[PDB]
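Chains as they are written, first to last, in the deposited numbering: chain A, 1 to 916; chain B, 435 to 627; chain C, 291 to 386; chain D, 2 to 476. Think of the CB as a built atom: it goes at the ideal place given N, C-alpha and C, for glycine as much as any other residue.
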Amino acid sequence: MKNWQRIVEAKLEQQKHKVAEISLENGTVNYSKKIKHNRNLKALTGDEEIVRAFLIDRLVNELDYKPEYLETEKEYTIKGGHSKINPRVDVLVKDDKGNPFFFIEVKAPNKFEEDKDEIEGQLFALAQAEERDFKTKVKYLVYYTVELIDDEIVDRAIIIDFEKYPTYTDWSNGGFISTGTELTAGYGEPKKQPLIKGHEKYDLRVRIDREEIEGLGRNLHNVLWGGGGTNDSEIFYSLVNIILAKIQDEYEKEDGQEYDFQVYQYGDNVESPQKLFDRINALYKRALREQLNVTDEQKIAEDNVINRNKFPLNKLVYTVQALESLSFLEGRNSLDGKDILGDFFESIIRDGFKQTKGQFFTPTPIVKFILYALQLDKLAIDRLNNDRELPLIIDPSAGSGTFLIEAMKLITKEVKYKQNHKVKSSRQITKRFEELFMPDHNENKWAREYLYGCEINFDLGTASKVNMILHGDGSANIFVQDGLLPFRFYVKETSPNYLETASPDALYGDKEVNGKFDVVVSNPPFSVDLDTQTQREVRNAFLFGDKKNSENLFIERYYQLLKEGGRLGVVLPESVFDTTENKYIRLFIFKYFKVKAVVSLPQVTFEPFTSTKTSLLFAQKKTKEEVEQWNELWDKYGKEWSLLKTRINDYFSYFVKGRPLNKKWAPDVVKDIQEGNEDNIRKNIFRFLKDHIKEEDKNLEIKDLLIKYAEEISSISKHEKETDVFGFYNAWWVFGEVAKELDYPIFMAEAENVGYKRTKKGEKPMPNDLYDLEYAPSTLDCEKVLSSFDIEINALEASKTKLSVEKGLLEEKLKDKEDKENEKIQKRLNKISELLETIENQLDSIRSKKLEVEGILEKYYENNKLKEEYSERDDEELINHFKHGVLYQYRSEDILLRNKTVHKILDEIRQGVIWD
Amino acid sequence: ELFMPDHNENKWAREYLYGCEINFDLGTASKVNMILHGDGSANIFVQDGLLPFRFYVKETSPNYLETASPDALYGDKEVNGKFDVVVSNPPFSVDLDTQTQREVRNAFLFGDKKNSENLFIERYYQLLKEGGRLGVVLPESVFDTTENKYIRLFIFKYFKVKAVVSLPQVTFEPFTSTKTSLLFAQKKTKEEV
Amino acid sequence: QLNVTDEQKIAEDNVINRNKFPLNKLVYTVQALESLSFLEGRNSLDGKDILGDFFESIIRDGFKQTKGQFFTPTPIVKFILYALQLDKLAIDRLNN
Amino acid sequence: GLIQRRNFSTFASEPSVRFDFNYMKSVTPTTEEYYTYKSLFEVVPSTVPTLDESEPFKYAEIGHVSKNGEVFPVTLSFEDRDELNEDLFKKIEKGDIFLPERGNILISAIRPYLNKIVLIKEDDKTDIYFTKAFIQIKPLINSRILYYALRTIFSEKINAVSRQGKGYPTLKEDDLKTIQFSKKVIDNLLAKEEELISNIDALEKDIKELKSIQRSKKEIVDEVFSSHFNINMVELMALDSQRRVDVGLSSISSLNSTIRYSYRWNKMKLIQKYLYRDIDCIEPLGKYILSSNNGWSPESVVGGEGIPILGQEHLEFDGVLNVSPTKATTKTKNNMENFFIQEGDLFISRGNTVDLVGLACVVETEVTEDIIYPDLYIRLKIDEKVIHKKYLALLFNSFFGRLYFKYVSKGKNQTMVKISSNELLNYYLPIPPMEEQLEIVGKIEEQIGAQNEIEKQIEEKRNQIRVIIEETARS
DNA sequence: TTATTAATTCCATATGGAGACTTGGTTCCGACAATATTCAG
DNA sequence: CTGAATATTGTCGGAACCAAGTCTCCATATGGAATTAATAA
Ligand SMILES: Nc1ncnc2c1ncn2[C@@H]1O[C@H](CSCC[C@H](N)C(=O)O)[C@@H](O)[C@H]1O
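Written out as structure tokens, the structure reads:
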């Protein structure tokens with residue numbers, strides 16, 4: 001029972017014209033001349049008449065234009081589907097005069113879902129056929145429907161004239177034009193389109209309900225991609241630029257002022273492609289000034305929305321004119337529930353991006369595991385419940401907004417729906433809650449001030465902004481410029497710019513530190529090479545800028561971005577963890593971060609793209625009161641190391657090499673050589689080799705100890721090479737002492753199967769070690785779901801009653817025919833009976849599964865909820881029923897945040913490490 | 435007029451060397467190569483290779499790749515019989531463009547099968563002179579398999595096969611490593627067909 | 291050299307897109323090819339198509355799979371021309 | 002996966018302060034009085050030997066060394082330096098060579114888990130140079146004891162210090178110098194010597210004697226099939242090397258039925274004409290075939306929970322299905338029974354290399370469980386009165402079926418050349434009487450059974466050779 | 001006087017894929033110590 | 001005349017890895033089935 005259906009039926013039994021009160025027939029009432037039927041039946045015919053009767057009423061009630069008698073024409077021929085179809089071009093309005101002159105196609109709000117080739121099915125394509133068979137002058141074509149829009153129930157129709165495009169192929173090349181929006185009385189309407197004036201009349205058609213997303217997605221892919229010579233990605237980027245231009249057009253325009261995202265059919269002639277390109281490029285070249293935050297006039301003027309020779313103009317016209325009739329800003333309504341253009345874009349991304357190897361994405365399971373392992377939902381709830389504020393998640397590597405969109409959906413689904421119980425209404429907290437979450441049509445409005453990102457790639461930055469806007473948000477916070485630049489470069493032309501401030505830090509190289517964000521989720525590039533000039537321009541803001549390991553620079557940027565006490569989650573490769581060369585970066589991490597978790601991801605996460613092993617790293621940036629302690633310890637155990645080095649060098653020089661005694665060595669060195677004092681020298685030689693000595697060496701002679709441990713004394717007697725941060729001390733000795741004094745437990749785990757196995761031929765489910773799904777949803781409306789079962793019950797019972805109807809019809813025909821037709825009647829009756837046993841073997845199983853489902857709800861779900869002993873969903877019996885049967889339709893694609901026991905890596909991470 | 439000025443000796447290239455490419459970047463790279471090797475980047479058409487011959491518009495006097503008339507013993511379809519040394523490496527099983535699919539049902543004998551590597555053989559037949567030479571690289575599936583019988587029959591009717599040599603799989607080692615073979619055939623005169 | 295007669299396309303076209311292609315990367319690219327002699331240096335590098343090999347090395351095999359972007363190696367091409375007796379054919383056409 | 006918990010101080014174990022999971026899976030507080038590298042062995046720096054040119058030296062990479070510590074060197078000589086082995090000489094000239102001093106041990110640095118440790122024995126002659134990818138150690142203790150203690154024991158502590166780093170899991174001399182060998186494990190082995198060397202020497206010489214008579218599973222089939230039919234195997238391998246066939250236009254449709262004129266078909270014709278010059282017992286196979294049912298290949302996960310599925314690696318030159326399933330599905334097709342292997346079925350491989358396509362095998366193994374055969378298997382229920390399926394499979398695995406299917410396998414991708422039912426129906430193979438077919442089957446069944454028994458004794462000896470070491474160490 | 005096609009569905013099946021995943025270990029660039037250098041106080 | 005620092009001379013250390021060997025699911029006809037059908041006594 002659809003939304004429009006109830007109101008339209010109510011007006012069918014409350015007609016102001018009295019034409020639809022008599023059911024199953026209208027031959028005895030006025031305005032019911034439709035040449036009966038030609039194939040089968042003249043009775044109730046579905047949704048068609050349901051809205052066409054109200055259309056007739058509106059024609060007679062308010063449109064008037066004299067009553068006449070509504071004398072229409074006859075039915076033409078269409079070869080649609082099985083057998084030729086003889087339609088009466090839906091409903092007709094007097095055909096104006098004797099010949100066909102006016103064509104109307106009544107559709108339904110739910111009928112926009114199943115079929116989209118009927119926009120012109122009884123329109124233009126067959127309009128020429130009518131003009132070629134009966135020699136008529138059809139001019140006006142209506143795609144009529146009225147959904148629910150207040151008392152006025154305004155028609156959200158697509159009304160077109162038949163004077164602009166001689167054929168329907170050229171009309172489709174004209175991108176589904178519309179020369180009318182609302183039906184006009186007195187036989188009026190403008191000849192050309194009424195354009196897209198954004199106040200009234202056409203508006204912007206902001207009610208995207210369902211499945212027209214899929215219709216457009218199939219239409220765009222089958223036309224734009226096409227074939228020829230291209231490489232998918234640039235076509236995708238061109239489409240992204242077109243969408244960006246449409247978004248800019250919606251931003252800049254005000255009341256009236258039409259819209260530049262049109263075709264401008266002057267009179268009857270279609271636009272020349274050149275002028276349309278100029279208009280769209282002016283839209284795009286001004287989008288960069290306002291959205292992409294670019295200031296170079298030369299760059300912003302020497303470019304274009306499409307590359308022309310790699311993007312034909314006909315495709316441009318088709319795209320620019322088909323993409324309208326739906327707002328890319330507020331159009332998301334999904335009938336009731338919003339968030340409908342996002343799924344459109346990920347449908348576009350999935351079908352045509354061609355990930356290849358250079359531009360791949362972190363898989364969604366990995367992103368969700370990173371977000372949950374940081375307890376992002378808990379942090380957001382605590383920040384909102386105490387500071388009346390939300391975290392400041394950033395992504396210096398960004399990409400397609402993969403780490404940002406997931407965080408967006410996470411916060412919205414965890415603070416509003418799933419865990420709003422944790423939020424306690426305390427007036428000002430409630431004020432913020434309604435300020436940022438409650439408006440459902442703008443639910444993703446909080447993240448206009450919190451989400452940030454930096455993508456170096458121009459096309460990737462634009463695509464990320466488009467993804468960000470389609471879900472609905474201020475994508476202006478994503479910078480399409482580099483992520484390793486001083487904070488002054490990130491200039492946002494509106495709102496507070498948290499990524500703009502900078503200040504030198506005392507105990508960090510006297511270099512700039514933002515220190516404003518809380519969570520930094522990112523996947524740094526595996527091997528970035530930079531370049532000469534770029535490297536020279538950046539080796540002043542980072543301690544290790546001289547070293548050509550620019551991949552490690554991101555961790556330093558992560559420290560520069562995180563505030564004291566922030567959380568860091570990354571996908572760093574194994575080279576950070578194992579390779580000897582990257583020793584300095586580990587010391588930097590240990591100095592400025594409290595390492596709190598590390599997960600060794602398997603070698604299959606990025607399997608189709610790259611086989612490089614990666615290990616997730618989690619850390620919490622240390623406060624200054626602990627960095628000062630680290631610095632004090634690093635000197636207390638540095639001076640001792642230097643003194644020990646001097647003493648051991650003197651001992652090796654004298655005892656082993658036999659060098660002559662020099663009084664200038666040291667007052668403690670030349671104080672016991674004459675007196676022997678082996679134990680005092682023994683303590684020094686043991687302490688210098690803090691982890692090399694063995695108990696068996698406690699008895700060897702002094703000369704033998706320095707000889708046995710030679711080739712290793714020198715190794716532990718070297719400074720940290722080119723590094724002014726660690727000082728002129730062997731870090732390994734000093735770090736070994738500091739870690740002994742400053743010791744804390746650290747989580748450690750590995751995963752052998754993430755859950756997916758992607759390949760060049762798709763992907764396939766695999767066992768998951770990171771997390772566990774929910775399957776059985778937390779809250780399921782028992783009345784709604786049982787109503788769905790009852791709907792399927794009575795849908796099948798309708799077929800049962802129909803079959804009983806033929807059984808009753810044929811049970812009287814046995815006596816009517818003696819032998820010849822009697823044999824055929826008996827055979828038909830026998831196969832009808834066989835269908836009856838088939839349908840009853842369906843029905844008994846249907847009833848049994850209704851009973852078992854009702855048992856499942858009573859024994860598990862209690863009342864529209866889930867019992868506390870099953871909330872953990874650890875029972876195998878509860879899970880598998882949703883995995884099979886019809887319950888699989890509902891399910892729940894949410895990660896199970898179990899905190900009672902441990903069964904997956906994510907479970908003990910949330911129950912183990914404590915973030916302070 | 436052709437081989438004497440040492441400075442610019444590749445003058446015949448503009449008027450005796452043609453070529454077609456569908457990717458604009460590839461076309462520009464090819465033209466850059468031509469001007470690197472002594473100019474000749476005037477006949478490099480950046481259009482599709484299986485389009486009607488009237489579409490290959492060029493800004494000069496000689497445009498040999500424009501003449502097209504129906505042929506008697508070909509099903510009354512366009513034949514540009516002027517070229518002699520037709521050589522190419524067809525893309526193997528590439529998807530034809532939707533716009534071009536309108537013009538493949540006609541002007542092609544076996545134009546009802548979306549098979550790219552076999553359509554270019556027919557296009558070659560539409561291009562060689564009555565006596566021209568054809569050296570082409572084809573996948574081993576053309577010379578084998580049962581679904582390609584018509585093409586092999588088509589080749590034996592109009593063409594006169596002279597040689598075939600099977601290249602090793604080490605040819606395209608880093609890229610695809612597919613078994614291919616070189617085919618050397620000469621078109622038969624109308625008095626032979 | 292490309293004989294572009296239109297004065298409007300030249301006024302709007304560009305060597306590189308300064309937004310797609312960073313200008314420091316252009317600096318590096320120019321630096322890498324400063325000393326190189328593409329002209330008059332092709333004689334030494336006989337049988338080496340620089341632009342095609344660059345395409346093969348840069349473009350991923352994923353993009354070169356949907357379209358038949360597989361370039362015939364130079365040794366084969368020199369065999370095809372010499373097997374067709376293209377030299378003798380050209381000589382005969384010039385003579386007669 | 003594993004869930005452990007370590008402290009900050011444990012990061013000080015190595016001067017490289019690594020904190021990867023694999024390294025610290027082994028890191029734990031120790032109570033044993035561990036030995037170190039100083040007491041046991043000594044790393045010998047590698048040097049470039051001055052190779053002579055007249056004498057043909059022998060070189061060996063990592064790939065030439067086997068898992069069980071055997072070397073299969075390549076005999077190179079500067080006198081004949083062709084382009085095929087030019088890469089090896091390039092490595093030699095660059096300086097990736099060293100001559101191991103006698104008694105040392107050479108541990109491979111790349112991928113330690115393969116346990117590719119080789120010992121240069123103190124005895125014997127013809128020393129062989131090695132690639133610098135190995136690591137030299139000079140065992141101060143008895144060399145054989147350390148060798149066996151490193152292969153069998155300590156195979157996980159060596160694997161616990163390998164560094165992957167965006168690529169190859171490799172070792173370093175420092176990694177070996179960091180190892181923490183135990184005392185009781187090594188002192189028990191060292192003290193209980195003079196018999197733990199004699200027993201192992203006797204077992205190793207027994208294994209060597211067993212290997213001395215080993216033959217491949219293809220030569221045996223070739224030998225007997227060459228014994229019958231009087232086939233000159235030397236001449237067949239010479240005619241197969243010809244790369245020039247000049248057929249006419251008329252001889253393209255002879256028995257073609259689909260007009261195939263590729264070079265492979267025309268060389269198939271020549272080879273098949275040569276093979277049957279003196280044999281007159283040939284009839285087309287298409288007469289004696291009743292069905293050609295294919296298999297089913299659903300999406301399968303390695304070691305999954307569901308019905309098992311065979312693979313193309315389970316067909317051997319013997320002619321018996323290996324019945325060692327690895328992949329498992331959980332998908333159904335409503336017709337599961339028709340795609341289950343049964344005893345006596347004849348399966349031919351469909352889709353493999355040019356040399357491994359067409360391998361056939363009879364199940365000959367009573368297994369009550371159901372195992373799916375993939376769509377790369379063609380099952381060939383045939384007339385069990387003239388063919389004697391085992392004979393057909395072992396003929397197909399022989400050179401009489403390894404040359405036809407090497408030149409009839411259609412396919413654009415030469416890596417997955419495939420055979421269709423038409424090739425099976427149009428294959429002219431020699432059919433001797435039923436009594437004559439049985440004689441061959443008995444021969445290449447008894448010989449291969451003896452060979453397999455040889456393959457089993459060597460494995461048992463190589464297992465007890467480490468069981469002895471384990472029981473000696475832990476005692 | 002019906003029931004033979006020969007088209008129009010429709011199945012499980014045969015065929016083939018400018019393939020593609022698995023396993024093991026290889027080249028080569030970039031440091032880099034140590035050649036040398038290197039001019040000078 | 002005692003340098004150490006730049007010509008470089010040959011050696012380690014890693015790698016958005018990558019050749020060698022050889023084992024694979026799946027889109028797509030397809031035709032023999034079904035179906036409608038027209039033969040014609
Ligand atoms: N400063 C920088 N240097 C190099 N790449 C950067 C960069 N800043 C952002 N990036 C981008 O970071 C990306 C790394 S892959 C992006 C992470 C992950 N695939 C995701 O989508 O979330 C590259 O595509 C690159 O364009």
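Next on the checklist: Measuring only the C-alpha atoms, how far is A:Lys11 from A:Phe54?
Outcome noted: 8 Å
Checklist entry - Does any CB atom of chain A fall closer than 9 Å to the CB of C:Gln291? => result no
Checklist entry - Between the beta-carbon of D:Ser422 and the beta-carbon of D:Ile379, is there less than 9 Å? => result yes
Item to check | Residues within the segment 520 to 546 of chain B neighbouring chain A, beta-carbon criterion of under 9 Å | outcome: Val528, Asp529, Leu530, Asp531, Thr532, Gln533, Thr534, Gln535
Next on the checklist: Could you give the first and the last residue of the continuous alpha helix (DSSP H) run that contains A:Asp57?
Outcome noted: 47 to 61
Next on the checklist: Counting only Cβ pairs nearer than 7 Å, list the residues of chain B close to C:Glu330.
Outcome noted: Per Cβ cutoff of 7 Å: no residues; C:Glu330 is ~11 Å from chain B at best.
Checklist entry - Do you know how far the Cα of A:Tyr771 is from the Cα of A:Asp907? => result 7 Å
Checklist entry - Quick one: does C:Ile366 have its CB under 9 Å from some CB of chain B? => result yes
Checklist entry - Which residues, taken in chain order from the segment 725 to 751 of chain A, show a beta carbon closer than 7 Å to some beta carbon of chain D? => result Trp732, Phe735, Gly736, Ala739, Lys740, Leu742, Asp743, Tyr744, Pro745, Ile746, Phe747, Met748, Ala749, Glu750, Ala751
Checklist entry - Heavy atom of ligand 1 less than 8 Å from the Cβ of A:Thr362, yes or no? => result yes
Item to check | Distance cut-off 8 Å: A:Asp47 Cβ against heavy atoms of ligand 1 | outcome: no
Checklist entry - Beta carbon of residue 918 of chain A: closer than 8 Å to some heavy atom of ligand 1? => result One cannot answer for residue 918 of chain A here, as it falls past the ends of chain A, which runs 1 to 916.
Checklist entry - DSSP three-state call for D:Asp21: helix, strand or coil? => result coil
Checklist entry - Using CA coordinates, which residue listed in A:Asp255, A:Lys299, A:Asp303 is at the minimum distance from A:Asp278? => result A:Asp303
Item to check | Distance, D:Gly168 Cα to A:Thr612 Cα | outcome: 7 Å
Item to check | Closest Cα partner of A:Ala502 within the set A:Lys511, A:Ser495, A:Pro496 | outcome: A:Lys511
Checklist entry - The beta strand (DSSP E) with A:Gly569 in it runs from where to where? => result 562 to 570
Checklist entry - Run through DSSP, which three-state label would C:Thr356 get? => result helix
Item to check | Cβ neighbour criterion (16 or more within 10 Å) applied to A:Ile159 | outcome: buried
Item to check | Cβ separation of D:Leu360 and D:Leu395, assumed to be a contact under 8 Å, to the nearest whole Å | outcome: D:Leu360 to D:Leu395, Cβ: 10 Å. No contact.
Checklist entry - If we cut at 9 Å on Cβ distances, does D:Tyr24 have a partner in chain A? => result yes
Item to check | CB of B:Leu617 within 9 Å of CB of B:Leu568, strictly | outcome: yes
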